[PDB]
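Below is one structure; the comments refer to it alone.
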2 protein chains.
Amino acid sequence: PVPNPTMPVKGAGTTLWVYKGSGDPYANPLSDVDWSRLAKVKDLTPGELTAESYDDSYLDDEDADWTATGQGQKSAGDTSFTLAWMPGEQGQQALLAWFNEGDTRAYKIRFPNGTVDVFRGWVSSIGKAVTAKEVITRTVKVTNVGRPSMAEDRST
Amino acid sequence: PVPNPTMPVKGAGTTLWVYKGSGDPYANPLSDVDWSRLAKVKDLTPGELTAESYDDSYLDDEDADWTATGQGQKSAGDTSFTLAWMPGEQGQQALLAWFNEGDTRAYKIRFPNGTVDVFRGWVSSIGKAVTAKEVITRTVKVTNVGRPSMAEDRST
């Protein structure tokens, strides 16, 4: 009802997709052609962008009472999510093949306000939890490579 | 005289039905085809629709003198009723099968003014009361799921 990217949104209805194309995943992320959904998402934690610190001090500085630093190398973090375990689904088979082969692939997060986030990465963890009274869950962690394509890139 | 939904009604003559068909229960609740009646009702407490609160406060709000909230998630509550205990009736056998299976089915309440309320739920309690001087009773509670179909939806 309110797909407004200038106002807060509650985030119910967020979807995860994985690329299966030979083109550029960053060129047109709003299109759902050649993307496959990962359904039944129970929990999602997107990667955090961070940067290291670089020392800017010299012996000749007239002011040395306070530290001075600069921005260093940047990182894209790890994305971690939980699905319902369904080995018969094609998406989870493709996820397991992605872990086994060791490729760096592109994936999307789509938010209810109408914006997408695109990352590239490789899988670094695959887990499971078994409890008598709860549905069995599949846990995934992806390490991101390079510069992502945030929503604010397409704000215009 | 003629039932009138724009005037108060006394409520003597209210009936309770459970769906057996395979179509849409919400499409035409005014028809009794594919519904089974639960006769000999003694008490009926319909489900209560409730909503929870969502906090809408920020640190940069100029005026924190008064609280500010909004409507959160909605619920349909539980519906309770009491019947004369007749284990040989097909309706009560179907009710016990509904409890044992554990699925979600549709049930309607039909009012003396010509209107109907439709809910979907699962049975969460089955009881009995035994007294020497009073007819043995069967007590049932149903937990409702989703958005019901109130009479005001069909007021057109």
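By order of appearance in the structure tokens: chains A, B, ..., then residues from 1 within every chain, and ligands from 1 in the order shown.
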
Next item on the list: Pick out the residues sitting within 8 Å of segment 107-115 of chain A, and hand them over as a ChimeraX atom specification; count only C-alpha atoms, and ignore anything fewer than 5 positions along from it in its own chain.
Entry: /A:2-5,9-19,29-30,120,151

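Non-sequential neighbours of residue 83 of chain B (distance at most 6 Å, separation of 3 or more positions within a chain, only C-alpha atoms) are residues 40, 41, 42, 137 and 138 of chain B.
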
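Using only C-alpha atoms, the part of chain B that sits within 12 Å of chain A is made up of residues 54, 56, 72 and 73 of chain B.
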
Could you save the residues just selected, with N, CA, C and O atoms, as a short mmCIF file (atom, residue, chain, number, x, y, z; two decimals), in the first residue's frame?
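Done, and the output landed in result19.cif:
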data_model
loop_
_atom_site.label_atom_id
_atom_site.label_comp_id
_atom_site.auth_asym_id
_atom_site.auth_seq_id
_atom_site.Cartn_x
_atom_site.Cartn_y
_atom_site.Cartn_z
N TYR B 54 2.31 -0.85 19.21
CA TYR B 54 3.64 -0.67 18.66
C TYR B 54 4.16 0.69 19.08
O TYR B 54 3.47 1.70 18.90
N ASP B 56 6.11 4.11 18.98
CA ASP B 56 6.38 5.04 17.89
C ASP B 56 7.25 6.21 18.33
O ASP B 56 7.15 7.31 17.78
N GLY B 72 -0.62 -2.62 16.28
CA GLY B 72 0.29 -3.68 15.89
C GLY B 72 -0.42 -4.84 15.22
O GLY B 72 -1.33 -4.65 14.41
N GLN B 73 0.01 -6.05 15.57
CA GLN B 73 -0.58 -7.24 14.97
C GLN B 73 -1.95 -7.53 15.57
O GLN B 73 -2.22 -7.26 16.74
#

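Residues of chain A carrying a DSSP assignment of alpha helix (DSSP H), computed from the backbone, are residues 90, 91, 92, 93, 94, 95, 96, 97, 98, 99, 100 and 101 of chain A.
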
For those residues, write C-alpha atoms to a file as an mmCIF file, in the first residue's frame.
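Written out: part-v1.cif:
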data_model
loop_
_atom_site.group_PDB
_atom_site.id
_atom_site.type_symbol
_atom_site.label_atom_id
_atom_site.label_comp_id
_atom_site.auth_asym_id
_atom_site.auth_seq_id
_atom_site.Cartn_x
_atom_site.Cartn_y
_atom_site.Cartn_z
ATOM 1 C CA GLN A 90 15.637 -27.047 -6.052
ATOM 2 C CA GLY A 91 16.818 -23.898 -4.283
ATOM 3 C CA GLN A 92 18.398 -25.809 -1.408
ATOM 4 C CA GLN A 93 20.013 -28.297 -3.796
ATOM 5 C CA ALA A 94 21.507 -25.342 -5.673
ATOM 6 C CA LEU A 95 22.667 -23.868 -2.353
ATOM 7 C CA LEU A 96 24.440 -27.116 -1.446
ATOM 8 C CA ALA A 97 26.053 -27.257 -4.897
ATOM 9 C CA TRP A 98 27.132 -23.631 -4.408
ATOM 10 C CA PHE A 99 28.819 -24.577 -1.132
ATOM 11 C CA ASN A 100 30.471 -27.658 -2.640
ATOM 12 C CA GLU A 101 31.845 -26.020 -5.789
#

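Within the 8 Å cut-off around residue 144 of chain A, using only C-alpha atoms and omitting residues fewer than 3 positions from it on the same chain, the listed residues are residues 47, 76, 77, 78, 79, 119, 120, 121 and 122 of chain A.
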
Output of the above residues as an mmCIF file, in the first residue's frame, restricted to C-alpha atoms:
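Result went into out-v3.cif, see below:
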data_model
loop_
_atom_site.group_PDB
_atom_site.id
_atom_site.type_symbol
_atom_site.label_atom_id
_atom_site.label_comp_id
_atom_site.auth_asym_id
_atom_site.auth_seq_id
_atom_site.Cartn_x
_atom_site.Cartn_y
_atom_site.Cartn_z
ATOM 1 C CA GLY A 47 26.380 -8.122 6.130
ATOM 2 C CA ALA A 76 31.473 -6.195 3.211
ATOM 3 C CA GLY A 77 30.976 -8.603 6.122
ATOM 4 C CA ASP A 78 29.022 -11.855 6.289
ATOM 5 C CA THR A 79 25.327 -12.429 5.567
ATOM 6 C CA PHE A 119 25.955 -8.895 -2.970
ATOM 7 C CA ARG A 120 28.534 -11.331 -4.317
ATOM 8 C CA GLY A 121 30.067 -13.979 -2.094
ATOM 9 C CA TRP A 122 30.883 -17.578 -1.267
#

Checklist line | Gap from atom CA of residue 85 of chain A to atom CA of residue 132 of chain A - Å, one decimal | finding: 14.4 Å

Non-local contacts of residue 74 of chain B (12 Å; only C-alpha atoms; under 5 positions in same chain excluded) as a PDB file with N, CA and C atoms, in the first residue's frame:
ATOM      1  N   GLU B  48     -12.920 -12.894  20.374  1.00  0.00           N
ATOM      2  CA  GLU B  48     -12.728 -11.460  20.535  1.00  0.00           C
ATOM      3  C   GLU B  48     -11.526 -11.007  19.720  1.00  0.00           C
ATOM      4  N   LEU B  49     -11.747 -10.050  18.822  1.00  0.00           N
ATOM      5  CA  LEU B  49     -10.670  -9.518  18.001  1.00  0.00           C
ATOM      6  C   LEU B  49      -9.874  -8.491  18.793  1.00  0.00           C
ATOM      7  N   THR B  50      -8.559  -8.678  18.852  1.00  0.00           N
ATOM      8  CA  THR B  50      -7.680  -7.816  19.625  1.00  0.00           C
ATOM      9  C   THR B  50      -6.473  -7.422  18.787  1.00  0.00           C
ATOM     10  N   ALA B  51      -5.851  -6.313  19.175  1.00  0.00           N
ATOM     11  CA  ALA B  51      -4.618  -5.843  18.564  1.00  0.00           C
ATOM     12  C   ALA B  51      -3.656  -5.406  19.657  1.00  0.00           C
ATOM     13  N   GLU B  52      -2.365  -5.490  19.362  1.00  0.00           N
ATOM     14  CA  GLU B  52      -1.333  -5.080  20.300  1.00  0.00           C
ATOM     15  C   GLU B  52      -0.721  -3.755  19.864  1.00  0.00           C
ATOM     16  N   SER B  53       0.029  -3.147  20.776  1.00  0.00           N
ATOM     17  CA  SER B  53       0.548  -1.806  20.558  1.00  0.00           C
ATOM     18  C   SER B  53       1.976  -1.846  20.034  1.00  0.00           C
ATOM     19  N   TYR B  54       2.308  -0.853  19.215  1.00  0.00           N
ATOM     20  CA  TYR B  54       3.640  -0.674  18.660  1.00  0.00           C
ATOM     21  C   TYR B  54       4.159   0.694  19.076  1.00  0.00           C
ATOM     22  N   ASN B 144      -8.783 -19.393  16.854  1.00  0.00           N
ATOM     23  CA  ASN B 144      -9.036 -18.905  15.507  1.00  0.00           C
ATOM     24  C   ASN B 144      -7.746 -18.472  14.823  1.00  0.00           C
ATOM     25  N   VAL B 145      -7.715 -18.620  13.500  1.00  0.00           N
ATOM     26  CA  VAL B 145      -6.527 -18.360  12.694  1.00  0.00           C
ATOM     27  C   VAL B 145      -6.902 -17.438  11.543  1.00  0.00           C
ATOM     28  N   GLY B 146      -6.169 -16.340  11.400  1.00  0.00           N
ATOM     29  CA  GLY B 146      -6.336 -15.462  10.259  1.00  0.00           C
ATOM     30  C   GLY B 146      -7.375 -14.378  10.471  1.00  0.00           C
ATOM     31  N   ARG B 147      -7.930 -13.920   9.349  1.00  0.00           N
ATOM     32  CA  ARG B 147      -8.903 -12.840   9.344  1.00  0.00           C
ATOM     33  C   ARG B 147     -10.299 -13.408   9.156  1.00  0.00           C
ATOM     34  N   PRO B 148     -11.210 -13.223  10.104  1.00  0.00           N
ATOM     35  CA  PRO B 148     -12.566 -13.757   9.948  1.00  0.00           C
ATOM     36  C   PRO B 148     -13.403 -12.927   8.985  1.00  0.00           C
TER      37      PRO B 148
END

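Going from atom CA of residue 124 of chain B over to atom CA of residue 21 of chain B, you cover 22.2 Å.
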
Next item on the list: Go through B:130, B:38, B:86, B:116 one by one, measure the shortest atom-to-atom distance of each to residue 26 of chain B using only C-alpha atoms, and give the residue with the smallest value.
Entry: B:116
